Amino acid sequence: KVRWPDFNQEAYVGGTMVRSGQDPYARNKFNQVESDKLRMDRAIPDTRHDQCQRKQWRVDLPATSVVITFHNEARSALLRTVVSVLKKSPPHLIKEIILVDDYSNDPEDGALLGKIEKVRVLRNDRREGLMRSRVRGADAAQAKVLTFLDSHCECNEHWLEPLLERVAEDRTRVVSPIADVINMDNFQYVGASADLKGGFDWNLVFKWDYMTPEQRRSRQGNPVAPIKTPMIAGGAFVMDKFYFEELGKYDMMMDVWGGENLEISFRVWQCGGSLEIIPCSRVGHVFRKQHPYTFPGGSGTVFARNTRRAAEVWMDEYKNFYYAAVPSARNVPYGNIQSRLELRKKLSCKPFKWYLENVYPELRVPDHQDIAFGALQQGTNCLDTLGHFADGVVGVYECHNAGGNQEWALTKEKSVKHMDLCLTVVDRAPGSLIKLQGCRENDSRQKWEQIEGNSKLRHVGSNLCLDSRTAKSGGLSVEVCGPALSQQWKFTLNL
């Protein structure tokens, strides 16, 4: 009902500001004062590669229903999101902007924006949470393509076209922009790396992977090409509406936050679709350290519930490596999964083993016969080879959870092995250094056992325990197996 530039920022974000001498980081866990300071149509730097910036972008594309979901968002941030969509998108490609107010304390936060050009507002009468709220918006979407966005984003130049171009060509692609960084303190728009893919460790937390050398090198002469990501971050993405609904939408019994990104990423890949990051599509996002909103069941409890619900449906037996990494999770009940499990069989979906081998080989999987795996931790320090080969001393170095020269397995043969070099007891005398040797299934000197409730690591057939007191003066040793803190070793993944 109003052209967006004629909308009044100052009247909106007006009372709802930050009174004198209050906490600026109060309601949203980002600096609201700095957010409020900025204009709705603020200038941001074009963070795209030269290759993108300078390409007649296709505009004969199917239009999209943009779904933004929010609970207690900062008016400034919400507005800036909405306007950035309208300002930077070709107008014919925006069918509508659906705002799903997920039970925000003041309905006026969302309601007032309903004045704006193509903005509809849908209020949740109770608290539904991120996933359910997104599904509502998608069901209310008129367009043939869905675009999701977090409520504190800022679309960049020609952001939408490259996303649509992908989905229009192939409906099975679920496509995400590069997530530029909006600083939570100063609110500066910072350009992010285009050399990353999304991923995870066995704890099933999202993390950004560096692109492998083999991959980068294959993309050297096509730097702005699509990136095939094993996981989407989950905040900003575009998906064909019919594909979204056919492929099961979201797990409706997930709550608040967390899990859904994992779940959908697995699902899409496993059931014949693909996931991509598009470097020419840039969308800023306010990344933050704490959650500002309430979690009904406890923060970490609900996260585990959702994560479980995903793992239990899609991961097959490899779900155990998650439970191995996060034993605590086994206690959290996750309810019924029959619908989502049948969905899987209904869709004739591939197994997780497929996903691991073809989509995310990079992810280190322990052998079915391994006893433990990962890093061997002692406080902050972790068991490091220090680049040593055969006949080498082994050491400790601060942990960097990247499994480089700090990755170890504890085998069925009872050996502590890195690659095919295994910890070997050269000399049984107390104080003697241990050496890295080639793995023999029978050497006897490289057989180890975990004792004192998986806290220690004892040399088998002996009274001797691995000991780090000698690191700074030679390397790790065997010493007489007693109550030292230097003899304490815990594996990252325990089976």
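Residue indices: 1-based, along the sequence shown.
Which is higher on average in the deposited entry, the C-alpha temperature factors of 73-81 or of 212-220? It is 212-220 that shows the higher mean C-alpha B-factor.
Selected stretch [higher average CA B-factor]: 174-182 or 113-121: Mean B over CA atoms: larger for 113-121.
Among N105, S89, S415, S151 - the residue whose C-alpha B-factor is largest in the record: Checking the PDB record, the top C-alpha B-factor among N105, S89, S415, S151 is at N105.
Say you rank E161, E169, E312, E276 by Cα B-factor from the PDB entry; which sits at the top? Of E161, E169, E312, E276, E169 has the highest C-alpha B-factor.
Considering every modelled residue of the chain and its Cα B-factor in the PDB entry, is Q56 in the lowest, middle or highest third? Highest third.
Please say which third, lowest, middle or highest, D240 falls into when its CA temperature factor is compared across its chain. Lowest third, going by the recorded CA B-factors of the chain.
Lowest, middle or highest third: where is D316 by Cα B-factor in its chain? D316: CA B-factor falls in the lowest third of its chain.
For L38, the third of its chain into which the C-alpha B factor falls: Top third by C-alpha B-factor.
Where does the C-alpha B-factor of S468 rank in its chain, lowest, middle or highest third? Its C-alpha B-factor, which the entry lists for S468, ranks in the lowest third among residues of this chain.
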